[PDB]
file target-v5.txt (compact mmCIF, C-alpha atoms and all ligand atoms)
# COMPACT_ATOMS: atom_id res chain seq x y z
CA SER A 56 0.00 0.00 0.00
CA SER A 57 2.90 2.35 -0.66
CA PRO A 58 2.12 5.93 -1.99
CA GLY A 59 3.96 4.93 -5.22
CA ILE A 60 2.02 1.78 -6.28
CA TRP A 61 -0.43 1.71 -9.17
CA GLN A 62 -2.36 -1.09 -10.93
CA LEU A 63 -3.23 -1.21 -14.64
CA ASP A 64 -6.68 -2.53 -15.50
CA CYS A 65 -8.06 -2.88 -19.11
CA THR A 66 -11.84 -3.19 -19.59
CA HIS A 67 -14.03 -3.36 -22.74
CA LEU A 68 -17.23 -1.54 -23.75
CA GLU A 69 -19.03 -0.84 -27.12
CA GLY A 70 -16.20 -2.97 -28.73
CA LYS A 71 -13.68 -0.34 -27.48
CA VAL A 72 -10.89 -0.66 -24.93
CA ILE A 73 -10.68 1.43 -21.74
CA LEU A 74 -7.25 1.44 -20.04
CA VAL A 75 -7.32 2.44 -16.35
CA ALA A 76 -4.49 3.04 -13.88
CA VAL A 77 -5.64 2.78 -10.21
CA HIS A 78 -3.60 4.23 -7.38
CA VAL A 79 -4.06 1.21 -5.11
CA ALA A 80 -3.98 2.93 -1.68
CA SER A 81 -6.49 5.64 -2.63
CA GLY A 82 -8.76 4.22 -5.35
CA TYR A 83 -7.87 7.32 -7.46
CA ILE A 84 -7.86 6.65 -11.24
CA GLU A 85 -6.73 7.92 -14.61
CA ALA A 86 -8.21 6.33 -17.81
CA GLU A 87 -8.19 6.54 -21.56
CA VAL A 88 -10.08 5.00 -24.46
CA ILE A 89 -7.63 3.32 -26.89
CA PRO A 90 -8.14 1.67 -30.18
CA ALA A 91 -6.73 -1.73 -28.86
CA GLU A 92 -4.39 -2.57 -26.01
CA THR A 93 -0.97 -2.74 -27.67
CA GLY A 94 2.45 -2.32 -25.93
CA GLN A 95 2.79 1.09 -27.64
CA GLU A 96 -0.52 2.38 -26.28
CA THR A 97 0.13 1.01 -22.77
CA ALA A 98 3.66 2.49 -22.81
CA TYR A 99 2.40 5.92 -23.88
CA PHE A 100 -0.33 5.77 -21.19
CA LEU A 101 2.32 4.93 -18.53
CA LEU A 102 4.59 7.76 -19.65
CA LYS A 103 1.70 10.18 -19.25
CA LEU A 104 0.72 8.85 -15.82
CA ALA A 105 4.31 9.02 -14.47
CA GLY A 106 4.79 12.58 -15.60
CA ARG A 107 1.66 13.48 -13.52
CA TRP A 108 2.09 11.39 -10.31
CA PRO A 109 5.20 9.84 -8.65
CA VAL A 110 4.68 6.38 -10.09
CA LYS A 111 7.15 4.01 -8.36
CA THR A 112 5.70 0.62 -9.19
CA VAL A 113 3.11 -0.54 -11.70
CA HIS A 114 1.31 -3.91 -11.49
CA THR A 115 0.70 -4.61 -15.18
CA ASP A 116 -2.73 -5.87 -16.16
CA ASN A 117 -1.57 -8.93 -18.18
CA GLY A 118 1.41 -10.97 -19.30
CA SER A 119 1.60 -9.42 -22.77
CA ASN A 120 2.11 -5.93 -21.32
CA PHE A 121 4.45 -7.36 -18.66
CA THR A 122 6.48 -8.94 -21.51
CA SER A 123 6.25 -6.06 -24.01
CA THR A 124 9.62 -4.48 -24.76
CA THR A 125 7.84 -1.23 -25.58
CA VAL A 126 6.19 -1.26 -22.08
CA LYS A 127 9.50 -2.17 -20.41
CA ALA A 128 11.12 0.73 -22.32
CA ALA A 129 8.60 3.26 -21.06
CA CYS A 130 8.95 1.89 -17.51
CA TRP A 131 12.77 2.23 -17.75
CA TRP A 132 12.44 5.78 -19.21
CA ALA A 133 9.99 6.94 -16.50
CA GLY A 134 11.75 5.33 -13.45
CA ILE A 135 8.96 2.82 -12.91
CA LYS A 136 9.39 -0.71 -11.45
CA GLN A 137 7.29 -2.97 -13.63
CA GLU A 138 5.73 -5.87 -11.69
CA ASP A 139 3.18 -8.61 -12.50
CA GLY A 140 -0.45 -8.03 -11.38
CA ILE A 141 -0.94 -11.55 -9.96
CA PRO A 142 -3.62 -11.30 -7.23
CA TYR A 143 -1.69 -13.06 -4.41
CA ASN A 144 -4.37 -11.49 -2.28
CA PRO A 145 -7.58 -12.66 -4.05
CA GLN A 146 -9.72 -9.74 -2.85
CA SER A 147 -7.83 -7.74 -5.64
CA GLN A 148 -9.55 -9.55 -8.48
CA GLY A 149 -12.80 -8.40 -6.80
CA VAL A 150 -12.02 -4.70 -6.12
CA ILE A 151 -10.95 -4.25 -9.77
CA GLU A 152 -14.11 -5.95 -11.11
CA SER A 153 -16.34 -3.81 -8.95
CA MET A 154 -14.48 -0.70 -10.17
CA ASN A 155 -15.02 -1.70 -13.79
CA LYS A 156 -18.73 -2.22 -13.05
CA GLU A 157 -18.97 1.23 -11.33
CA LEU A 158 -17.16 2.93 -14.23
CA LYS A 159 -19.39 1.33 -16.79
CA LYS A 160 -22.43 2.29 -14.82
CA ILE A 161 -21.32 5.99 -14.77
CA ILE A 162 -20.58 5.78 -18.54
CA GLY A 163 -24.21 4.67 -19.09
CA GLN A 164 -25.43 7.49 -16.82
CA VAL A 165 -23.75 10.13 -19.09
CA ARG A 166 -24.82 8.75 -22.46
CA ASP A 167 -27.43 11.49 -23.00
CA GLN A 168 -24.48 14.01 -22.67
CA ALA A 169 -21.38 12.59 -24.29
CA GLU A 170 -21.45 11.86 -28.02
CA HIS A 171 -18.03 9.98 -28.02
CA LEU A 172 -17.06 7.26 -25.60
CA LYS A 173 -13.80 9.07 -24.72
CA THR A 174 -15.79 12.00 -23.24
CA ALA A 175 -18.03 9.66 -21.21
CA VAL A 176 -14.90 7.87 -19.86
CA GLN A 177 -13.37 11.18 -18.69
CA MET A 178 -16.70 12.18 -17.10
CA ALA A 179 -16.59 8.80 -15.33
CA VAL A 180 -12.99 9.43 -14.09
CA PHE A 181 -14.13 12.84 -12.80
CA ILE A 182 -17.21 11.44 -10.91
CA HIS A 183 -15.15 8.35 -9.61
CA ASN A 184 -12.34 10.54 -8.21
CA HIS A 185 -14.63 13.18 -6.66
CA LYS A 186 -17.07 10.69 -5.04
CA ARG A 187 -17.12 10.94 -1.23
CA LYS A 188 -17.01 7.52 0.44
CA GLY A 192 -14.40 10.50 6.16
CA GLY A 193 -16.09 10.86 3.84
CA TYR A 194 -12.96 11.66 1.81
CA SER A 195 -12.83 11.35 -2.05
CA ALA A 196 -10.19 9.28 -3.89
CA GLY A 197 -8.74 12.63 -5.13
CA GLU A 198 -8.35 13.78 -1.55
CA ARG A 199 -6.83 10.57 -0.38
CA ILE A 200 -4.19 10.28 -3.08
CA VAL A 201 -3.04 13.86 -2.41
CA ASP A 202 -2.99 13.25 1.41
CA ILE A 203 -1.10 9.97 0.97
CA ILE A 204 1.62 11.41 -1.31
CA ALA A 205 1.97 14.67 0.72
CA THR A 206 2.36 12.73 3.97
CA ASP A 207 5.01 10.59 2.22
CA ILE A 208 6.88 13.65 0.94
CA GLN A 209 6.81 15.08 4.55
CA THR A 210 8.14 11.84 6.18
CA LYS A 211 11.25 11.77 3.94
CA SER B 56 -2.44 32.07 -6.14
CA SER B 57 -5.00 29.78 -4.64
CA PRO B 58 -4.58 25.90 -4.74
CA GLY B 59 -7.46 25.63 -7.32
CA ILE B 60 -6.10 28.05 -10.00
CA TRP B 61 -4.82 26.94 -13.40
CA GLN B 62 -3.83 28.79 -16.54
CA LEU B 63 -4.21 27.50 -20.10
CA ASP B 64 -1.37 28.18 -22.52
CA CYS B 65 -1.27 27.08 -26.19
CA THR B 66 2.10 26.95 -27.93
CA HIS B 67 3.17 25.84 -31.47
CA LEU B 68 5.94 23.58 -32.74
CA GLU B 69 6.47 21.56 -36.02
CA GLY B 70 3.27 23.36 -37.14
CA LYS B 71 1.43 21.33 -34.39
CA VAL B 72 -0.36 22.71 -31.36
CA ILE B 73 0.61 21.91 -27.77
CA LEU B 74 -2.02 22.75 -25.18
CA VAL B 75 -0.73 23.25 -21.65
CA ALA B 76 -2.50 23.72 -18.27
CA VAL B 77 -0.19 25.23 -15.56
CA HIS B 78 -1.06 25.03 -11.91
CA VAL B 79 -0.10 28.66 -11.17
CA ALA B 80 1.09 28.29 -7.54
CA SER B 81 3.32 25.27 -8.17
CA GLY B 82 4.43 25.46 -11.83
CA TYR B 83 3.12 21.83 -12.27
CA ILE B 84 1.71 21.16 -15.79
CA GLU B 85 -0.24 18.76 -17.90
CA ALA B 86 -0.09 18.98 -21.71
CA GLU B 87 -1.30 17.43 -24.91
CA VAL B 88 -0.61 17.63 -28.62
CA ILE B 89 -3.79 18.47 -30.55
CA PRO B 90 -4.49 18.76 -34.20
CA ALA B 91 -5.65 22.49 -33.78
CA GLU B 92 -6.91 24.51 -30.87
CA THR B 93 -10.72 24.25 -31.24
CA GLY B 94 -13.32 24.76 -28.47
CA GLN B 95 -14.04 20.99 -28.54
CA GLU B 96 -10.33 20.08 -27.97
CA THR B 97 -9.92 22.66 -25.19
CA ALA B 98 -13.18 21.48 -23.60
CA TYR B 99 -12.10 17.83 -23.64
CA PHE B 100 -8.66 18.79 -22.27
CA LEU B 101 -10.28 20.73 -19.37
CA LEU B 102 -12.62 17.83 -18.56
CA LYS B 103 -9.63 15.52 -18.28
CA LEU B 104 -7.67 17.98 -16.14
CA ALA B 105 -10.55 18.50 -13.73
CA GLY B 106 -11.14 14.78 -13.28
CA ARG B 107 -7.49 14.60 -12.15
CA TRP B 108 -6.92 17.69 -9.93
CA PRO B 109 -9.42 19.96 -8.06
CA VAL B 110 -9.62 22.64 -10.70
CA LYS B 111 -11.54 25.69 -9.29
CA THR B 112 -10.62 28.37 -11.73
CA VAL B 113 -9.09 28.36 -15.15
CA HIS B 114 -7.59 31.40 -16.82
CA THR B 115 -8.30 30.73 -20.50
CA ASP B 116 -5.51 31.27 -23.00
CA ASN B 117 -7.39 33.45 -25.49
CA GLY B 118 -10.74 35.11 -26.18
CA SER B 119 -12.02 32.43 -28.57
CA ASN B 120 -11.75 29.75 -25.86
CA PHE B 121 -13.14 32.23 -23.28
CA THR B 122 -16.10 32.75 -25.66
CA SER B 123 -16.57 29.14 -26.88
CA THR B 124 -19.87 27.59 -25.93
CA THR B 125 -18.21 24.21 -25.93
CA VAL B 126 -15.52 25.42 -23.49
CA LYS B 127 -18.15 27.06 -21.24
CA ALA B 128 -20.14 23.83 -21.26
CA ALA B 129 -17.16 21.75 -20.10
CA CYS B 130 -16.42 24.33 -17.44
CA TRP B 131 -20.05 24.14 -16.26
CA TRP B 132 -19.94 20.30 -16.30
CA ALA B 133 -16.71 20.09 -14.34
CA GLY B 134 -17.52 22.82 -11.71
CA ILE B 135 -14.79 25.16 -13.09
CA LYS B 136 -15.03 28.98 -12.95
CA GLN B 137 -13.91 30.17 -16.35
CA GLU B 138 -11.94 33.47 -16.27
CA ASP B 139 -9.97 35.52 -18.85
CA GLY B 140 -6.12 35.16 -18.82
CA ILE B 141 -5.48 38.90 -19.09
CA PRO B 142 -2.06 39.49 -17.47
CA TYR B 143 -2.98 42.27 -14.98
CA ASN B 144 0.35 41.41 -13.51
CA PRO B 145 2.66 41.73 -16.58
CA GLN B 146 5.31 39.33 -15.12
CA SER B 147 2.68 36.56 -16.10
CA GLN B 148 3.31 36.81 -19.80
CA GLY B 149 7.07 36.44 -19.13
CA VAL B 150 6.67 33.35 -16.89
CA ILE B 151 4.49 31.60 -19.54
CA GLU B 152 6.91 32.47 -22.44
CA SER B 153 9.82 31.11 -20.44
CA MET B 154 7.96 27.84 -19.71
CA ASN B 155 7.16 27.55 -23.45
CA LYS B 156 10.87 27.98 -24.28
CA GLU B 157 11.93 25.45 -21.63
CA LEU B 158 9.34 22.93 -22.80
CA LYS B 159 10.49 23.32 -26.38
CA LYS B 160 14.10 22.89 -25.33
CA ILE B 161 13.27 19.58 -23.58
CA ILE B 162 11.31 18.44 -26.65
CA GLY B 163 14.51 19.08 -28.70
CA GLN B 164 16.59 17.13 -26.10
CA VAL B 165 14.37 14.00 -26.64
CA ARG B 166 14.08 13.96 -30.42
CA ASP B 167 16.55 11.07 -30.70
CA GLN B 168 14.10 9.06 -28.53
CA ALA B 169 10.50 9.93 -29.46
CA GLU B 170 9.34 9.24 -33.01
CA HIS B 171 6.07 11.30 -32.53
CA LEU B 172 5.71 14.73 -31.07
CA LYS B 173 3.04 13.58 -28.62
CA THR B 174 5.64 11.27 -26.92
CA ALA B 175 8.26 14.06 -26.75
CA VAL B 176 5.63 16.39 -25.18
CA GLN B 177 4.81 13.80 -22.47
CA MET B 178 8.54 13.27 -21.78
CA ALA B 179 8.82 17.07 -21.44
CA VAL B 180 5.82 17.19 -18.98
CA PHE B 181 7.62 14.45 -17.00
CA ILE B 182 11.03 16.19 -16.86
CA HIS B 183 9.32 19.59 -16.17
CA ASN B 184 7.29 18.32 -13.20
CA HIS B 185 10.09 16.31 -11.69
CA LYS B 186 12.77 19.04 -12.00
CA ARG B 187 14.11 20.18 -8.57
CA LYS B 188 14.16 23.97 -8.28
CA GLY B 189 16.62 25.32 -8.60
CA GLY B 192 16.47 21.34 -0.27
CA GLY B 193 14.72 22.34 -3.56
CA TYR B 194 11.32 20.87 -4.32
CA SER B 195 9.82 19.82 -7.65
CA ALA B 196 6.61 21.22 -9.18
CA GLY B 197 5.04 17.77 -8.59
CA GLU B 198 5.94 18.04 -4.94
CA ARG B 199 4.73 21.58 -4.61
CA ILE B 200 1.31 20.93 -6.13
CA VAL B 201 0.66 17.99 -3.79
CA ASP B 202 1.83 19.94 -0.69
CA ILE B 203 -0.28 22.94 -1.74
CA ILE B 204 -3.48 20.98 -2.28
CA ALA B 205 -2.93 18.69 0.76
CA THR B 206 -2.33 21.71 2.99
CA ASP B 207 -5.53 23.28 1.56
CA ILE B 208 -7.54 20.09 2.22
CA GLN B 209 -6.28 19.94 5.87
CA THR B 210 -7.21 23.63 6.68
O1 LIG A 301 -10.92 17.49 -3.82
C1 LIG A 301 -9.64 17.31 -3.76
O2 LIG A 301 -8.90 17.77 -2.86
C2 LIG A 301 -8.87 16.56 -4.89
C3 LIG A 301 -7.48 16.44 -4.91
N1 LIG A 301 -7.14 15.75 -6.02
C4 LIG A 301 -8.28 15.42 -6.74
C5 LIG A 301 -8.39 14.70 -7.91
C6 LIG A 301 -9.65 14.47 -8.42
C7 LIG A 301 -10.75 14.93 -7.75
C8 LIG A 301 -10.65 15.64 -6.56
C9 LIG A 301 -9.39 15.90 -6.05
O1 LIG A 302 7.85 13.57 -6.36
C1 LIG A 302 6.65 13.73 -5.94
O2 LIG A 302 6.29 13.55 -4.74
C2 LIG A 302 5.51 14.11 -6.96
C3 LIG A 302 4.21 14.36 -6.56
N1 LIG A 302 3.47 14.64 -7.67
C4 LIG A 302 4.27 14.57 -8.80
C5 LIG A 302 3.95 14.80 -10.14
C6 LIG A 302 4.95 14.69 -11.09
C7 LIG A 302 6.23 14.38 -10.71
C8 LIG A 302 6.55 14.16 -9.38
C9 LIG A 302 5.57 14.25 -8.39
CL CL A 303 -7.26 -5.27 -27.23
CL CL A 304 -4.76 26.34 -33.87

call {"tool": "encode", "arguments": {"input": "target-v5.txt", "output": "structure tokens", "more": "lines below"}}
Ligand SMILES: O=C(O)c1c[nH]c2ccccc12
Ligand SMILES: O=C(O)c1c[nH]c2ccccc12
Ligand SMILES: [Cl-]
Ligand SMILES: [Cl-]
result
Amino acid sequence: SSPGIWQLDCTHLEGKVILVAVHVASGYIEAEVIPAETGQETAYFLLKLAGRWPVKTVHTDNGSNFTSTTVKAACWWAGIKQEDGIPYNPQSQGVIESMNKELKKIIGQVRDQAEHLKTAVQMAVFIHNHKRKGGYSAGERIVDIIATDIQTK
Amino acid sequence: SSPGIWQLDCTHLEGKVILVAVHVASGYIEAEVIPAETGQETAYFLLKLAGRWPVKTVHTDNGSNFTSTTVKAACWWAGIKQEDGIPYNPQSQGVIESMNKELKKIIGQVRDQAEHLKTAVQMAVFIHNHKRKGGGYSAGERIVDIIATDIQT
């Protein structure tokens, strides 16, 4: 549950691919719609995430991205430790599935508003990260976790 | 200089358009390459930014985006107060021009590495936000401390 640990998650809707990075300790997410999940796309997505948050470790979402030389290259470039995403703790499988279900539910709730899926996915990221659960939001928690970490060191 | 204030900045390279949002108090940025600066692109970029950080106010980069119905609609959706970016303090213009020069210099430093401009721009966002200035903190550190301190008050 370190401040630096993120998990990649790839989910499908409307025949399109949604790539999600979840900051494990907070539940905070970033997401994008991509044409298909290739090493190049996943690498570019990781480069963007790591320029925005202090990404120390990524649990990749599958073996092909764990194997990908293009993904390993972006992890090397951005200072990220690439790990597998094996759920040694099986409650992981479950948290990620519930998150994909919540995100898809929010996407359906904004369909009268967003003409393209990529808009609906960013509206879903916005509502996911601002939702109060404290009740703190994921957005609040990730900032508190990383700030507290910067202040301990 | 509040924790919620961002400034839009649009700069040009390779005849392509780079759209930047700067968190004014920290210097932290996010950026994208877009085909042209249209209200729809700026709107979509603001929606993404605001799902990621608690954006309270955005100083728009020009009058067309200030005017744009599409931009105003994304600001309404995301809870953002849209303001002009008139530099009432003239040292603003200078600070933005210098960041555009520094960003372009980093893009040049990575051209042996990135085949597409959009990759070079994300590597630049990365190196910009991680740079220690000039006991010195990075922009990435400052934005987290600023917003965390604001949340705790
Ligand atoms: O409300 C807050 O303090 C937030 C800090 N970072 C965020 C990211 C997404 C949404 C809300 C916040
Ligand atoms: O180094 C840190 O603690 C950072 C916190 N937020 C960031 C965003 C980009 C780069 C570094 C950091
Ligand atoms: Cl795929
Ligand atoms: Cl343009």

call {"tool": "closest_residue", "arguments": {"input": "target-v5.txt", "among": "A:73, A:101, A:172, A:110", "to": "ligand LIG 302 (chain A)", "atoms": "all atoms listed in the file"}}
result
A:110

call {"tool": "interface_residues", "arguments": {"input": "target-v5.txt", "of": "chain A", "to": "chain B", "cutoff": "6 Å", "atoms": "only C-alpha atoms", "output": "number ranges by chain"}}
result
A: 103, 106, 177, 180-181, 201-202, 205

call {"tool": "atom_distance", "arguments": {"input": "target-v5.txt", "atom1": "atom CA of residue 129 of chain B", "atom2": "atom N1 of ligand LIG 302 (chain A)"}}
result
25.1 Å

call {"tool": "residues_near_ligand", "arguments": {"input": "target-v5.txt", "ligand": "ligand CL 303 (chain A)", "cutoff": "8 Å", "atoms": "only C-alpha atoms and all ligand atoms", "output": "PDB file with C-alpha atoms, keeping the file's coordinate frame"}}
result
ATOM      1  CA  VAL A  72     -10.890  -0.660 -24.930  1.00  0.00           C
ATOM      2  CA  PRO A  90      -8.140   1.670 -30.180  1.00  0.00           C
ATOM      3  CA  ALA A  91      -6.730  -1.730 -28.860  1.00  0.00           C
ATOM      4  CA  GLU A  92      -4.390  -2.570 -26.010  1.00  0.00           C
ATOM      5  CA  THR A  93      -0.970  -2.740 -27.670  1.00  0.00           C
TER       6      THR A  93
END

call {"tool": "atom_distance", "arguments": {"input": "target-v5.txt", "atom1": "atom CA of residue 197 of chain A", "atom2": "atom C1 of ligand LIG 301 (chain A)"}}
result
5.0 Å

call {"tool": "closest_residue", "arguments": {"input": "target-v5.txt", "among": "B:74, B:169, B:79, B:151", "to": "ligand CL 304 (chain A)", "atoms": "only C-alpha atoms and all ligand atoms"}}
result
B:74

call {"tool": "residues_near_point", "arguments": {"input": "target-v5.txt", "point": "(-2.5, 7.6, -15.3)", "cutoff": "8 Å", "atoms": "all atoms listed in the file", "output": "list in words"}}
result
residues 75, 76, 77, 84, 85, 86, 100, 101, 103, 104, 105, 107 and 108 of chain A

call {"tool": "atom_distance", "arguments": {"input": "target-v5.txt", "atom1": "atom CA of residue 97 of chain B", "atom2": "atom CA of residue 126 of chain B"}}
result
6.5 Å

call {"tool": "closest_residue", "arguments": {"input": "target-v5.txt", "among": "A:102, A:113, A:208, A:203", "to": "ligand LIG 301 (chain A)", "atoms": "only C-alpha atoms and all ligand atoms"}}
result
A:203

call {"tool": "closest_residue", "arguments": {"input": "target-v5.txt", "among": "A:184, A:124, A:56, A:148", "to": "ligand LIG 301 (chain A)", "atoms": "all atoms listed in the file"}}
result
A:184

call {"tool": "closest_residue", "arguments": {"input": "target-v5.txt", "among": "B:57, B:148, B:119, B:62", "to": "ligand CL 304 (chain A)", "atoms": "all atoms listed in the file"}}
result
B:119

call {"tool": "axis_aligned_box", "arguments": {"input": "target-v5.txt", "around": "segment 195-200 of chain B", "padding_each_side": "3 Å", "output": "lines of an AutoDock Vina configuration file"}}
result
center_x = 5.6
center_y = 19.7
center_z = -6.9
size_x = 14.5
size_y = 9.8
size_z = 10.6

call {"tool": "closest_residue", "arguments": {"input": "target-v5.txt", "among": "B:189, B:82, B:145, B:163", "to": "ligand LIG 302 (chain A)", "atoms": "all atoms listed in the file"}}
result
B:82

call {"tool": "residues_near_ligand", "arguments": {"input": "target-v5.txt", "ligand": "ligand CL 304 (chain A)", "cutoff": "7 Å", "atoms": "only C-alpha atoms and all ligand atoms", "output": "VMD selection string"}}
result
chain B and resid 72 91 to 93

call {"tool": "build_atoms", "arguments": {"input": "target-v5.txt", "residues": "segment 81-92 of chain A", "atoms": "N, CA, C and O atoms", "output": "mmCIF file, in the frame of the given file"}}
result
data_model
loop_
_atom_site.group_PDB
_atom_site.id
_atom_site.type_symbol
_atom_site.label_atom_id
_atom_site.label_comp_id
_atom_site.auth_asym_id
_atom_site.auth_seq_id
_atom_site.Cartn_x
_atom_site.Cartn_y
_atom_site.Cartn_z
ATOM 1 N N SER A 81 -5.430 4.631 -2.698
ATOM 2 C CA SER A 81 -6.490 5.640 -2.630
ATOM 3 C C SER A 81 -7.729 5.284 -3.433
ATOM 4 O O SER A 81 -8.805 5.840 -3.136
ATOM 5 N N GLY A 82 -7.630 4.422 -4.456
ATOM 6 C CA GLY A 82 -8.760 4.220 -5.350
ATOM 7 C C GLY A 82 -8.771 5.293 -6.485
ATOM 8 O O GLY A 82 -9.707 5.316 -7.293
ATOM 9 N N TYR A 83 -7.810 6.207 -6.477
ATOM 10 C CA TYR A 83 -7.870 7.320 -7.460
ATOM 11 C C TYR A 83 -7.544 6.714 -8.836
ATOM 12 O O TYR A 83 -6.695 5.815 -8.907
ATOM 13 N N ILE A 84 -8.182 7.175 -9.909
ATOM 14 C CA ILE A 84 -7.860 6.650 -11.240
ATOM 15 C C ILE A 84 -7.505 7.676 -12.311
ATOM 16 O O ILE A 84 -7.861 8.846 -12.196
ATOM 17 N N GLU A 85 -6.786 7.204 -13.345
ATOM 18 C CA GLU A 85 -6.730 7.920 -14.610
ATOM 19 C C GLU A 85 -7.141 6.877 -15.689
ATOM 20 O O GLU A 85 -6.894 5.675 -15.495
ATOM 21 N N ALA A 86 -7.728 7.314 -16.818
ATOM 22 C CA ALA A 86 -8.210 6.330 -17.810
ATOM 23 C C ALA A 86 -8.174 6.977 -19.167
ATOM 24 O O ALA A 86 -8.288 8.239 -19.298
ATOM 25 N N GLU A 87 -8.135 6.112 -20.185
ATOM 26 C CA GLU A 87 -8.190 6.540 -21.560
ATOM 27 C C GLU A 87 -8.920 5.508 -22.391
ATOM 28 O O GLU A 87 -8.866 4.312 -22.051
ATOM 29 N N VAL A 88 -9.559 5.966 -23.458
ATOM 30 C CA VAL A 88 -10.080 5.000 -24.460
ATOM 31 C C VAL A 88 -8.954 4.858 -25.506
ATOM 32 O O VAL A 88 -8.406 5.846 -25.965
ATOM 33 N N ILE A 89 -8.607 3.628 -25.840
ATOM 34 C CA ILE A 89 -7.630 3.320 -26.890
ATOM 35 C C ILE A 89 -8.207 2.408 -27.908
ATOM 36 O O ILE A 89 -9.178 1.663 -27.652
ATOM 37 N N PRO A 90 -7.612 2.454 -29.105
ATOM 38 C CA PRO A 90 -8.140 1.670 -30.180
ATOM 39 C C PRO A 90 -8.038 0.143 -29.830
ATOM 40 O O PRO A 90 -9.006 -0.625 -30.025
ATOM 41 N N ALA A 91 -6.935 -0.273 -29.207
ATOM 42 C CA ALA A 91 -6.730 -1.730 -28.860
ATOM 43 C C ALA A 91 -5.603 -1.633 -27.866
ATOM 44 O O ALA A 91 -4.742 -0.675 -27.958
ATOM 45 N N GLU A 92 -5.485 -2.620 -27.001
ATOM 46 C CA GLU A 92 -4.390 -2.570 -26.010
ATOM 47 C C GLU A 92 -3.054 -3.132 -26.529
ATOM 48 O O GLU A 92 -2.723 -4.297 -26.309
#
